[PDB]
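Residue numbers (the numbering used here), protein chains in the order written: chain P, 1 to 431; chain C, 1001 to 1045; chain S, 2001 to 2048; chain V, 3001 to 3037; chain A, 4001 to 4040; chain B, 5001 to 5121; chain R, 6001 to 6121; chain G, 7001 to 7121.
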Ligand SMILES: *[C@@H]1O[C@H](CO)[C@@H](O[C@@H]2O[C@H](CO)[C@@H](O[C@@H]3O[C@H](CO[C@H]4O[C@H](CO)[C@@H](O)[C@H](O)[C@@H]4O)[C@@H](O)[C@H](O[C@H]4O[C@H](CO)[C@@H](O)[C@H](O)[C@@H]4O[C@H]4O[C@H](CO)[C@@H](O)[C@H](O)[C@@H]4O)[C@@H]3O)[C@H](O)[C@H]2NC(C)=O)[C@H](O)[C@H]1NC(C)=O
Ligand SMILES: *[C@@H]1O[C@H](CO)[C@@H](O[C@@H]2O[C@H](CO)[C@@H](O[C@@H]3O[C@H](CO)[C@@H](O)[C@H](O[C@H]4O[C@H](CO)[C@@H](O)[C@H](O)[C@@H]4O)[C@@H]3O)[C@H](O)[C@H]2NC(C)=O)[C@H](O)[C@H]1NC(C)=O
Ligand SMILES: *[C@@H]1O[C@H](CO)[C@@H](O[C@@H]2O[C@H](CO)[C@@H](O[C@@H]3O[C@H](CO)[C@@H](O)[C@H](O)[C@@H]3O)[C@H](O)[C@H]2NC(C)=O)[C@H](O)[C@H]1NC(C)=O
Ligand SMILES: *[C@@H]1O[C@H](CO)[C@@H](O[C@@H]2O[C@H](CO)[C@@H](O[C@@H]3O[C@H](CO)[C@@H](O)[C@H](O)[C@@H]3O)[C@H](O)[C@H]2NC(C)=O)[C@H](O)[C@H]1NC(C)=O
Ligand SMILES: *[C@@H]1O[C@H](CO)[C@@H](O[C@@H]2O[C@H](CO)[C@@H](O[C@@H]3O[C@H](CO)[C@@H](O)[C@H](O)[C@@H]3O)[C@H](O)[C@H]2NC(C)=O)[C@H](O)[C@H]1NC(C)=O
Ligand SMILES: *[C@@H]1O[C@H](CO)[C@@H](O[C@@H]2O[C@H](CO)[C@@H](O[C@@H]3O[C@H](CO)[C@@H](O)[C@H](O)[C@@H]3O)[C@H](O)[C@H]2NC(C)=O)[C@H](O)[C@H]1NC(C)=O
Ligand SMILES: *[C@@H]1O[C@H](CO)[C@@H](O[C@@H]2O[C@H](CO)[C@@H](O[C@@H]3O[C@H](CO)[C@@H](O)[C@H](O)[C@@H]3O)[C@H](O)[C@H]2NC(C)=O)[C@H](O)[C@H]1NC(C)=O
Ligand SMILES: *[C@@H]1O[C@H](CO)[C@@H](O)[C@H](O)[C@H]1NC(C)=O
Ligand SMILES: *[C@@H]1O[C@H](CO)[C@@H](O)[C@H](O)[C@H]1NC(C)=O
Ligand SMILES: *[C@@H]1O[C@H](CO)[C@@H](O)[C@H](O)[C@H]1NC(C)=O
Ligand SMILES: *[C@@H]1O[C@H](CO)[C@@H](O)[C@H](O)[C@H]1NC(C)=O
Ligand SMILES: *[C@@H]1O[C@H](CO)[C@@H](O)[C@H](O)[C@H]1NC(C)=O
Ligand SMILES: *[C@@H]1O[C@H](CO)[C@@H](O)[C@H](O)[C@H]1NC(C)=O
Ligand SMILES: *[C@@H]1O[C@H](CO)[C@@H](O)[C@H](O)[C@H]1NC(C)=O
Ligand SMILES: *[C@@H]1O[C@H](CO)[C@@H](O)[C@H](O)[C@H]1NC(C)=O
Ligand SMILES: *[C@@H]1O[C@H](CO)[C@@H](O)[C@H](O)[C@H]1NC(C)=O
Ligand SMILES: *[C@@H]1O[C@H](CO)[C@@H](O)[C@H](O)[C@H]1NC(C)=O
Ligand SMILES: *[C@@H]1O[C@H](CO)[C@@H](O)[C@H](O)[C@H]1NC(C)=O
Ligand SMILES: *[C@@H]1O[C@H](CO)[C@@H](O)[C@H](O)[C@H]1NC(C)=O
Ligand SMILES: *[C@@H]1O[C@H](CO)[C@@H](O)[C@H](O)[C@H]1NC(C)=O
Ligand SMILES: *[C@@H]1O[C@H](CO)[C@@H](O)[C@H](O)[C@H]1NC(C)=O
Ligand SMILES: *[C@@H]1O[C@H](CO)[C@@H](O)[C@H](O)[C@H]1NC(C)=O
Ligand SMILES: *[C@@H]1O[C@H](CO)[C@@H](O)[C@H](O)[C@H]1NC(C)=O
Ligand SMILES: *[C@@H]1O[C@H](CO)[C@@H](O)[C@H](O)[C@H]1NC(C)=O
Ligand SMILES: *[C@@H]1O[C@H](CO)[C@@H](O)[C@H](O)[C@H]1NC(C)=O
Ligand SMILES: *[C@@H]1O[C@H](CO)[C@@H](O)[C@H](O)[C@H]1NC(C)=O
Ligand SMILES: *[C@@H]1O[C@H](CO)[C@@H](O)[C@H](O)[C@H]1NC(C)=O
Ligand SMILES: *[C@@H]1O[C@H](CO)[C@@H](O)[C@H](O)[C@H]1NC(C)=O
Ligand SMILES: *[C@@H]1O[C@H](CO)[C@@H](O)[C@H](O)[C@H]1NC(C)=O
Ligand SMILES: *[C@@H]1O[C@H](CO)[C@@H](O)[C@H](O)[C@H]1NC(C)=O
């Protein structure tokens, strides 16, 4: 026929396009995660229900995580520069036994800067054995990271609690979320939906244990492209969250040193409570409850008590011991009992002030939190779990940063609109 | 000047009035200080 | 270039002096100029 | 800093093997390193 | 006439490559007489 | 219904979602720099799409009447049968590798009756 | 006369200042960052107001002919009597708490005759 | 042919390069800041030119039919003789020192029939 053409604008057509994401506070003086420059308004998102869409999601290839991975490093590293720095403090410390507070505490002397530039007074402050490293016989003791990179002090007013945030692309972009908990997303989602912006996601940092995560619908999901992959390994979503509690009831005082002009370096004062190391409290039957679930499902993907949980060989402290973050502290819990294939069991935990977690990932000064004057008594949930494949034996692992955030962005993808389209109709109304 | 300097030995222990509180910076000599008039007005719309 | 200063008429408009934020907007502006004009300059320390 | 800086003990011409009295990495205990210039 | 090496000014080492280039601005607006008054 | 509402709905009778797609296309520290490279992108995205509509003599109508007829090289698709059961996703994929030629052709034709308007009076 | 000229002038016969309001709407270190968050804001301010006009089928006309009639819930105002002595400031305040419905309703009608245009031929 | 193609071609019959000029007008660290004050300038350059066309009632047509006639103060140029041999760049130079009056005068006439449209019905 004498078929003409016409163009329809505003029609739904898609395309995958890497781009940037916004931040939404959804909510208080400062915070390491900004949450103040983020747009707070989320006026009743539509969460429009799409249907009959055979859309494919790729979870390894998705770059929302990679875009977010660089964002987090930027926030931490950029939130440290506009405040004091430890140096000059990593001079050799005339440092001896403790005169009684004990164990890691190694009451220690400085012999460093006065405040009036020149005089140099011999002040002192406590330190932990993990923080301090040997280079005299047993007095040559300095900081563990002064040999490698400059050290910066956490800025006291800056908080650390993981205030939830939301990510979403600007206008002209859409977010695809398929609402059905049976997807190890590498193929088609059917019940897809659009949301104006992402729901609550809490940027928490840990290793081998994901805390304060999504609420499971009484289902256990394991997502990995190749169950026999030689690289990255199993990622687990757990049962209804289990109440895990950790605390260090070691009430401390706060000491001011005035390391330099308008600097006011801080360090642990003393102990006036009871010598009780940090510990974590998990229920005794919960770990068996989740055990039987993953075990029964593991019999399908893997050959069917032949299941053995063994500790990692070692090589990196950031991986061997479980990493915690509550109340501004940074615990290091010996995870022997968690993965031994096993009242209120007690899990030992140590504390080290200086952490270089953000020095080996993007590169800048190592961080160390100042002591907190009050109690912690921090309680938290647990919804994720990480294991590695070597009868089949599972061991703790991870290491790579891009693991702790894959458990919450599996059901999200950035998509580009293509409103242009051509259709044939009748035409030639014009000249 | 006496106002700038503050006492901390007997009468020579005299430092600056603000070294013990905050860092001190010097204005560059080229930077002027006269209050040149300015105008404030919003963008289009 | 030669502002118009157009004159409105018969307008009953209320102006709030305490509540206006032009001053508050400009108050932070002045601090920014002063504080940001000193960083690219020599620092007295070490001299105290 | 002023370099306790002498002739060359052979390297020659513009090479003037030289000492520093540096500041060391432990922020104290200056060590007397050397290098060429 | 004797020639000697010189220069000194930094705006010499790059003049030899941008002699045949020029930034220009477009002026898409124009007025043309025609027949009109098709509207009201 | 709403932002990209009725995406899986009918092929041709789903025009009710045209207006809701158009309205939400533009109106809707570390983050601040990111916001600058998040809002300018949204602006030119709307203008780039509006650029094609404006030059073709079909600005702000949601229907773009033209004079260039169909060509055998695109595809053979019947009327009223392909227009009730077909995924609009796949339809664009069929023409994407050959979509770009139409934009130049329409403007070449759009300039024809543009000149004849003065001549025809 | 000029920028917002004749603001206090008549209600209906003060249309002469429509064009001057439109031209000035967009054409017109510490401050550099401020200017960046001062010029983009001006751009979207023009586009956001232009977005509503474009979708309603009255782009670039200064008059928006429509099909949706009045509703009793807005107000009872006579013709040629309310239109010669009333503060336009107060006029907007009356409906501002219910003006949001018009934008969606007009679009729901603007798309109707868009479809009928092809059908009516 | 292309970006500013056929610039030296005929005076009036070179309309074929009108559309190619319009499409390329917008679509197309140390330098990151430079890029920010390089694309916003590109955007407003398109809008500023588009502002004049939008208010004159000739948006997206490539012609602007008006009612204001010629004036003796511009120049005396014949038809079909000046329109086949003359540099367009030189043509603009003659009126550039008096071009500004046209923009205001046209809209004073554009707003006229805008009112009469409702009156004439
Ligand atoms: C998974 O999610 C859970 C739930 O959020 C989370 O547990 C929560 O941890 C946070 C810390 O990370 C806890 O919040 C802190 O709690 C204590 C005590 O506050 C409680 O008790 C007082 C008693 O009066 C109540 O008023 C109060 O509402 C709480 O119930 C405090 O140490 C903390 O307050 C300080 O931090 C705030 C945020 O930065 C500041 O706004 C506030 O001013 C306090 O700091 C100031 O005062 C201190 C006083 O000593 C001083 O030392 C500081 O220098 C500063 O001046 C804070 O409220 C929260 O209670 C936990 N929630 C529960 C239910 O236990 C898990 O941590 C999380 N998991 C992971 C891994 O992150
Ligand atoms: C870490 O080690 C350092 C170095 O040893 C240590 O610092 C010491 O603290 C004690 C705290 O008592 C200081 O001793 C005080 O010094 C003067 C002496 O004139 C007085 O203020 C005090 O005397 C009163 O208190 C005594 C009890 O403490 C009474 O016996 C006495 O009668 C007075 O009432 C007291 O002697 C001492 O000077 C410092 N030393 C240095 C070198 O700074 C610190 O306590 C250790 N920290 C921990 C946590 O163990
Ligand atoms: C958005 O852009 C990013 C890059 O800016 C895209 O991710 C990257 O995609 C490229 C291919 O386009 C990948 O390159 C290939 O990677 C490996 C390197 O060993 C190898 O296969 C090839 O030699 C090649 O270099 C790259 O790996 C990949 N990832 C990264 C981190 O760069 C991404 O696809 C884009 N996103 C979209 C279109 O949604
Ligand atoms: C901080 O560093 C200074 C560096 O001068 C230390 O000064 C040293 O103090 C010790 C005693 O604490 C002195 O030792 C004694 O000195 C004399 C002989 O010089 C004599 O009394 C004894 O035989 C003994 O050696 C030492 O001389 C003195 N100087 C040096 C260079 O070491 C100071 O002790 C340090 N303070 C802290 C808290 O570490
Ligand atoms: C800064 O200082 C630290 C602490 O001294 C340096 O650590 C060094 O680490 C290596 C590798 O582990 C040690 O070498 C050998 O390691 C094992 C475990 O002890 C064993 O084979 C030997 O006993 C030996 O220690 C080394 O001793 C250790 N210290 C030094 C002074 O080399 C770190 O490498 C230093 N960083 C930089 C950038 O210089
Ligand atoms: C495909 O995904 C959509 C969007 O999530 C699903 O619609 C959702 O269906 C559930 C179950 O009926 C609705 O939950 C109900 O909501 C209210 C309380 O909010 C109340 O009726 C019930 O107590 C229940 O919680 C949910 O509202 C609804 N979501 C939306 C946005 O309408 C749909 O079921 C999914 N389809 C399939 C086949 O899985
Ligand atoms: C780095 O600077 C130090 C500053 O103390 C230099 O130490 C100086 O070393 C020289 C020998 O190289 C010493 O000279 C000898 O000292 C004593 C008398 O004090 C005696 O043995 C001799 O009569 C001779 O004078 C000197 O005393 C010592 N101190 C000073 C203040 O000069 C060091 O040499 C410098 N290192 C380098 C590599 O330049
Ligand atoms: C496709 O799904 C829609 C809802 O999104 C439903 O109305 C329609 O009947 C489905 N079509 C088929 C062929 O299953
Ligand atoms: C003293 O320090 C040494 C060396 O670190 C340690 O082995 C010992 O246990 C400490 N003794 C006491 C009584 O604290
Ligand atoms: C949703 O998940 C259920 C439970 O596994 C499954 O039976 C159903 O087919 C899924 N529906 C989809 C993807 O539309
Ligand atoms: C998984 O990895 C193993 C080991 O490399 C390989 O033999 C196998 O083919 C992979 N599976 C798939 C589905 O590609
Ligand atoms: C832990 O999960 C439970 C599930 O019911 C929820 O009610 C609770 O708020 C969660 N706790 C936190 C701190 O998110
Ligand atoms: C810790 O000790 C300090 C000593 O001043 C006291 O003020 C504070 O209340 C104590 N914290 C407790 C009991 O949690
Ligand atoms: C952990 O603390 C929570 C909150 O107080 C409590 O409900 C729970 O019983 C505790 N866990 C155990 C194992 O007692
Ligand atoms: C863990 O592996 C080690 C060797 O790496 C072995 O000696 C040990 O018995 C294993 N433990 C368990 C509980 O399987
Ligand atoms: C954890 O404790 C076990 C004994 O319960 C011990 O063998 C192991 O070395 C400890 N691990 C660490 C990292 O301290
Ligand atoms: C765990 O059980 C012990 C039993 O002695 C009890 O004292 C303790 O309070 C319990 N922990 C909780 C409820 O968190
Ligand atoms: C409005 O102002 C004009 C002058 O701008 C004046 O002539 C007229 O009387 C005023 N109207 C009223 C009601 O005051
Ligand atoms: C289709 O396009 C081709 C390529 O430009 C052209 O030769 C041909 O005449 C056009 N028409 C048909 C009916 O193929
Ligand atoms: C056009 O496609 C139709 C599809 O039904 C087919 O019957 C016909 O043969 C095609 N024509 C040519 C020339 O390929
Ligand atoms: C669409 O439906 C018609 C009518 O039943 C049928 O002839 C045609 O094959 C269908 N097309 C597709 C692609 O399923
Ligand atoms: C690419 O163009 C070819 C013809 O050249 C076409 O067959 C194909 O469908 C297009 N799209 C692809 C390969 O995605
Ligand atoms: C006015 O709007 C209401 C609410 O939508 C509607 O029910 C009614 O029919 C409309 N018309 C009149 C005349 O009230
Ligand atoms: C509408 O308002 C007018 C104002 O004059 C009033 O006379 C009339 O009664 C009102 N109608 C209703 C139904 O309230
Ligand atoms: C406007 O003027 C008319 C005619 O004089 C008068 O009836 C009416 O009340 C006036 N309205 C107001 C609001 O003053
Ligand atoms: C606000 O809305 C109310 C009714 O909801 C209306 O009476 C009032 O005029 C509106 N405007 C105001 C209070 O400025
Ligand atoms: C030309 O413009 C002038 C100046 O505005 C005006 O007086 C005159 O009437 C216009 N017409 C002619 C034919 O000159
Ligand atoms: C207008 O210019 C033409 C150019 O040919 C000339 O002949 C004519 O005399 C001019 N008219 C006036 C009034 O200057
Ligand atoms: C243009 O050509 C015409 C016709 O030959 C001639 O009369 C006229 O003088 C020419 N104009 C110029 C400016 O050369
Ligand atoms: C400038 O204006 C004058 C008259 O004011 C005119 O003669 C001239 O052609 C214009 N253009 C120039 C000098 O480029």
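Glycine included, every Cβ here is placed at the ideal spot set by N, Cα and C.
Residues close to ligand 2 by the beta carbon criterion (under 5 Å to any non-hydrogen atom) are, from first to last along the chain, P:107, P:270.
Taking the Cβ atoms as the reference, residue 386 of chain P lies roughly 11 Å from residue 237 of chain P, outside the contact range of under 8 Å. In the three-state reduction of the DSSP assignment, residue 93 of chain P falls in the strand class. For the options P:67, P:57, P:14, P:61, the alpha carbon positioned closest to that of residue 5031 of chain B is the one of P:67. Judged by DSSP secondary structure, residue 5039 of chain B falls within the alpha helix (DSSP H) whose first and last residues are 5030–5055. For residue 5020 of chain B, the enclosing alpha helix (DSSP H) stretches over residues 5018–5023. Between residue 1004 of chain C and residue 1017 of chain C, the CB-CB gap stays under 8 Å. Here residue 8 of chain P has 421, 423 as same chain residues with Cβ atoms under 7 Å from its own Cβ, once five neighbours each way along the sequence are excluded.
With a contact defined as Cβ atoms closer than 8 Å, residue 5121 of chain B and residue 4035 of chain A qualify at about 7 Å.
Using a cutoff of 7 Å, the CB of residue 381 of chain P does not count as near ligand 17, since none of the ligand's heavy atoms is closer than that. Membership of residue 69 of chain P in the alpha helix (DSSP H) is indicated by the continuous run 64–78.
Between residue 5040 of chain B and residue 7020 of chain G, the C-beta spacing is not below 8 Å.
CA-to-CA, the gap between residue 7117 of chain G and residue 6061 of chain R works out to about 11 Å. With respect to residue 65 of chain P, residue 402 of chain P sits close: the two C-beta atoms are nearer than 8 Å. Within the same chain, 6109 come within 7 Å of residue 6067 of chain R by CB-CB distance, once the 5 residues on both sides are set aside. Residues 310, 312, 388 of the same chain have their beta carbon placed closer than 6 Å to that of residue 395 of chain P, with the five preceding and five following residues left out of the count. Within the segment 375–411 of chain P, complete alpha helix (DSSP H) segments of at least 4 residues are not found at all.
In this structure, the beta-carbon distance from residue 223 of chain P to residue 329 of chain P does not fall below 8 Å. Counting C-beta pairs closer than 8 Å gives three or more between the segment 17–35 of chain P and the segment 70–89 of chain P, which meets the contact rule.
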